[PDB]
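Asks: So here's upload_27.tsv (TSV, C-alpha atoms).
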chain	number	residue	atom	x	y	z
A	1	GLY	CA	0.00	0.00	0.00
A	2	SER	CA	3.08	2.20	0.46
A	3	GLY	CA	1.34	4.13	3.23
A	4	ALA	CA	-1.15	6.95	3.45
A	5	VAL	CA	-0.94	10.62	4.37
A	6	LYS	CA	-3.61	12.76	6.02
A	7	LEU	CA	-3.83	16.31	4.58
A	8	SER	CA	-5.97	19.39	5.00
A	9	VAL	CA	-6.22	21.46	1.84
A	10	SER	CA	-7.74	24.94	1.98
A	11	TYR	CA	-7.45	28.37	0.41
A	12	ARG	CA	-8.07	31.78	1.97
A	13	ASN	CA	-6.93	35.37	1.46
A	14	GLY	CA	-5.23	34.37	-1.80
A	15	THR	CA	-3.07	31.75	-0.01
A	16	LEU	CA	-3.12	27.92	-0.46
A	17	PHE	CA	-2.76	26.01	2.80
A	18	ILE	CA	-1.50	22.43	2.82
A	19	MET	CA	-1.46	20.92	6.28
A	20	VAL	CA	0.47	17.63	6.49
A	21	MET	CA	-1.04	15.98	9.56
A	22	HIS	CA	0.39	12.47	9.65
A	23	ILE	CA	1.39	9.38	7.76
A	24	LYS	CA	0.76	5.71	8.50
A	25	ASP	CA	2.36	2.51	7.22
A	26	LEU	CA	5.38	3.74	5.31
A	27	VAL	CA	7.58	0.88	4.12
A	28	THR	CA	11.29	0.70	3.35
A	29	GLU	CA	12.68	-2.27	1.46
A	30	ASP	CA	14.83	-3.28	4.42
A	31	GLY	CA	12.95	-3.28	7.70
A	32	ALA	CA	14.82	-0.23	9.06
A	33	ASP	CA	12.71	2.63	10.43
A	34	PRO	CA	13.20	5.59	8.03
A	35	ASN	CA	13.54	9.31	9.01
A	36	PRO	CA	10.63	10.66	6.96
A	37	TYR	CA	9.95	14.22	5.83
A	38	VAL	CA	7.43	15.52	3.28
A	39	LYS	CA	8.31	17.62	0.25
A	40	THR	CA	5.87	19.32	-2.10
A	41	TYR	CA	6.01	21.22	-5.35
A	42	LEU	CA	3.30	23.01	-7.35
A	43	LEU	CA	3.79	22.03	-11.00
A	44	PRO	CA	4.54	23.12	-13.55
A	45	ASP	CA	6.77	25.59	-11.64
A	46	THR	CA	7.62	28.46	-13.98
A	47	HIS	CA	9.92	30.32	-11.59
A	48	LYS	CA	11.31	27.33	-9.67
A	49	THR	CA	9.99	28.67	-6.38
A	50	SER	CA	7.57	26.01	-5.13
A	51	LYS	CA	9.67	23.59	-3.08
A	52	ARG	CA	8.29	23.24	0.44
A	53	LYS	CA	9.13	20.74	3.11
A	54	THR	CA	8.37	19.67	6.65
A	55	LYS	CA	10.90	18.93	9.35
A	56	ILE	CA	12.34	15.44	9.66
A	57	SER	CA	10.53	12.89	11.85
A	58	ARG	CA	13.10	10.45	13.30
A	59	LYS	CA	13.00	6.65	13.15
A	60	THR	CA	9.35	5.96	12.41
A	61	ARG	CA	7.02	4.61	9.76
A	62	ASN	CA	4.08	6.44	11.31
A	63	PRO	CA	5.22	10.09	11.59
A	64	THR	CA	3.03	12.88	12.88
A	65	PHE	CA	3.96	16.28	11.43
A	66	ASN	CA	1.09	18.68	11.93
A	67	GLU	CA	2.99	21.14	9.73
A	68	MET	CA	1.46	23.74	7.47
A	69	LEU	CA	3.00	24.19	4.04
A	70	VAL	CA	2.17	27.59	2.54
A	71	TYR	CA	1.92	28.66	-1.09
A	72	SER	CA	1.15	32.36	-1.43
A	73	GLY	CA	0.59	34.61	-4.44
A	74	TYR	CA	-1.42	32.17	-6.53
A	75	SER	CA	-4.88	32.90	-7.90
A	76	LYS	CA	-7.46	30.15	-7.84
A	77	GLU	CA	-7.41	30.26	-11.63
A	78	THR	CA	-3.67	29.53	-11.73
A	79	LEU	CA	-4.02	26.72	-9.18
A	80	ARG	CA	-6.61	24.93	-11.35
A	81	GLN	CA	-3.75	24.44	-13.81
A	82	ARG	CA	-1.30	23.11	-11.19
A	83	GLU	CA	-0.69	19.76	-9.49
A	84	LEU	CA	0.55	19.26	-5.95
A	85	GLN	CA	3.41	16.76	-6.23
A	86	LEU	CA	3.89	15.42	-2.70
A	87	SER	CA	6.87	13.17	-1.89
A	88	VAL	CA	7.83	11.37	1.33
A	89	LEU	CA	11.55	10.71	1.58
A	90	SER	CA	13.76	9.32	4.29
A	91	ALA	CA	16.45	11.76	5.44
A	92	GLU	CA	19.74	9.83	5.52
A	93	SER	CA	23.12	11.17	6.66
A	94	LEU	CA	25.45	8.42	5.43
A	95	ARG	CA	23.69	7.56	2.15
A	96	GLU	CA	21.35	9.29	-0.30
A	97	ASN	CA	17.94	10.33	0.98
A	98	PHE	CA	15.52	7.82	-0.51
A	99	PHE	CA	11.95	7.96	-1.78
A	100	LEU	CA	9.32	6.23	0.40
A	101	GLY	CA	6.22	7.18	-1.55
A	102	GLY	CA	4.24	10.04	-3.01
A	103	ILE	CA	1.11	11.26	-4.75
A	104	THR	CA	0.20	13.88	-7.35
A	105	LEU	CA	-3.04	15.79	-6.74
A	106	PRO	CA	-4.42	18.13	-9.41
A	107	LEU	CA	-5.62	21.21	-7.50
A	108	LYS	CA	-8.61	21.39	-9.91
A	109	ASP	CA	-10.04	18.38	-8.04
A	110	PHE	CA	-10.42	20.50	-4.92
A	111	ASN	CA	-13.29	22.77	-3.98
A	112	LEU	CA	-10.88	25.50	-2.92
A	113	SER	CA	-13.79	27.38	-1.39
A	114	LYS	CA	-13.77	24.99	1.59
A	115	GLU	CA	-11.36	22.91	3.65
A	116	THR	CA	-10.85	19.33	2.40
A	117	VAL	CA	-9.50	16.90	5.02
A	118	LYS	CA	-8.71	13.28	4.06
A	119	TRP	CA	-6.29	10.37	3.87
A	120	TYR	CA	-4.49	9.70	0.61
A	121	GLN	CA	-2.84	6.43	-0.38
A	122	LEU	CA	0.81	6.83	-1.43
A	123	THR	CA	2.27	5.14	-4.51
A	124	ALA	CA	5.86	4.21	-5.32
Could you rewrite the structure in this file as structure tokens?

Replies:
Amino acid sequence: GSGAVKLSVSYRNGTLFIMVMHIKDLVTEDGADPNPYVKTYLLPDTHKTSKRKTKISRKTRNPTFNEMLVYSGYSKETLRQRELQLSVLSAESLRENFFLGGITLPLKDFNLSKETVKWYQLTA
């Protein structure tokens, strides 16, 4: 299943709010507890300014973040032509950080006039 992430997606005062609440069931291909963090981009990214990331959650497959990722300066019209590429990676200090799972969500699928809160299944 690769795990699932709970997110709150809302938009107010011209700002997109992505709250990464928590993740459950991440899997590594080696039985070691990863050091997960979440990274998002809004694509396509004309100016190369959309990278956002949470802090690192140490040794766990079920991290709780409760972190708000903020994307300001976008109109709702522009967002309808953007996808939220969310990636969960393990932060590693003696080897390359590795991909645990992710999901791409077209913002057009969201009623950005309200707050959408739900769990999303990650893919690999």

Asks: A:75, A:121, A:93, A:66: which is nearest residue A:19, counting all atoms listed in the file?

Replies: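 The answer is A:66, which sits nearest to residue A:19.
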
Asks: Using only C-alpha atoms, which protein or nucleic acid residues come within 8 Å of residue A:72? Drop anything in the same chain fewer than 2 positions from it, and give the result as number ranges by chain.

Replies: A: 14-16, 70, 74

Asks: Which residues, protein or nucleic acid, reach to within 10 Å of (-11.4, 11.5, 5.4) in the file's coordinates when using all atoms listed in the file, and can you give that as a PyMOL selection string?

Replies: chain A and resi 6-8+116-120

Asks: Using only C-alpha atoms, determine which residues lie at most 12 Å from stretch 47-54 of chain A, disregarding the query and same-chain residues fewer than 5 positions distant; provide the list as number ranges by chain.

Replies: A: 16-22, 35-42, 63-74, 82-91

Asks: Could you tell me which of A:81, A:57, A:113, A:2 comes closest to residue A:28 if we count all atoms listed in the file?

Replies: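 Among the listed residues, A:2 lies closest to residue A:28.
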
Asks: Nearest to residue A:124 among A:26, A:112, A:79, A:43, with distances taken over all atoms listed in the file: which residue is it?

Replies: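 So, comparing all the options, the nearest one is A:26.
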
Asks: Just give me the gap between atom CA of residue A:108 and atom CA of residue A:123 in Å, one decimal is fine.

Replies: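 A separation of 20.3 Å between them.
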
Asks: Out of A:34, A:44, A:1, A:102, which residue has the shortest atom-to-atom distance to residue A:62 when counting all atoms listed in the file?

Replies: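 Distance minimum relative to residue A:62 lands on A:34.
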
Asks: Find the residue from A:27, A:98, A:5, A:122 that sits nearest to residue A:61; use all atoms listed in the file when measuring.

Replies: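 Among the listed residues, the smallest separation from residue A:61 belongs to A:27.
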
Asks: Please compute the atom CA of residue A:101-atom CA of residue A:9 distance, one decimal, in Å.

Replies: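 Computed distance, atom CA of residue A:101 to atom CA of residue A:9, equals 19.2 Å.
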
Asks: Which value, in Å to one decimal, gives the distance between atom CA of residue A:107 and atom CA of residue A:12?

Replies: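 Here the two named atoms are 14.4 Å from each other.
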